[PDB]
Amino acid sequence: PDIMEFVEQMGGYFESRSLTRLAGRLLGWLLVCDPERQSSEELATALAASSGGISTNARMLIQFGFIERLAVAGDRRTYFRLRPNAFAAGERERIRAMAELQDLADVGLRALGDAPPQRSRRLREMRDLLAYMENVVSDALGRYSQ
């Protein structure tokens, strides 16, 4: 109903950014479903998706910091749940991603080591902005949790 329209739009949000529709719909579903935890089979049914589709997109959302795998006592099935404060956890992963990109800027700067310094301006700006934003976000998340 209105719920599946929300899930649909989460799919579009992802799709419009070159990410998978299914990952978006999965994130969406995990934001509104009841109970919060969902088995692999429940997700496949809910989303009209293959088990392979569920597995690969769940893996991606775990990588990005939004959801987690969990086990339920007495049950052998695989479960997933949106993490507590999931979008904060997402931002923590983005800090790590920014540091990774910083390291790549170094690679580029070394590669341009022989070239005029002006040519390296773009990479220096990238590295400097990333270093700045990592601190901004880390500090901000610290305060938020308080």
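Residue positions are given as counts along the sequence shown, with the first one as 1.
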*Quick one: say whether 9 to 17 or 128 to 136 has the higher mean Cα B-factor in the deposited entry.*
9 to 17
*If you average the CA temperature factors over each stretch, which comes out higher, 64 to 72 or 110 to 118?*
110 to 118
*asked:* Checking the record values for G52, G90, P35, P84, which has the greatest CA B factor?
replied: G52
*asked:* Please place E42 in the lowest, middle or highest third of its chain according to the CA B-factor in the PDB entry.
replied: middle
*Chain third (lowest, middle, highest) by recorded CA B-factor, residue given as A48*: highest
*Report the third (lowest, middle or highest) to which the CA temperature factor of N57 belongs, ranking only the modelled residues of the same chain.*
middle
_Splitting the chain's C-alpha B-factors into thirds, which one does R96 fall into?_
lowest
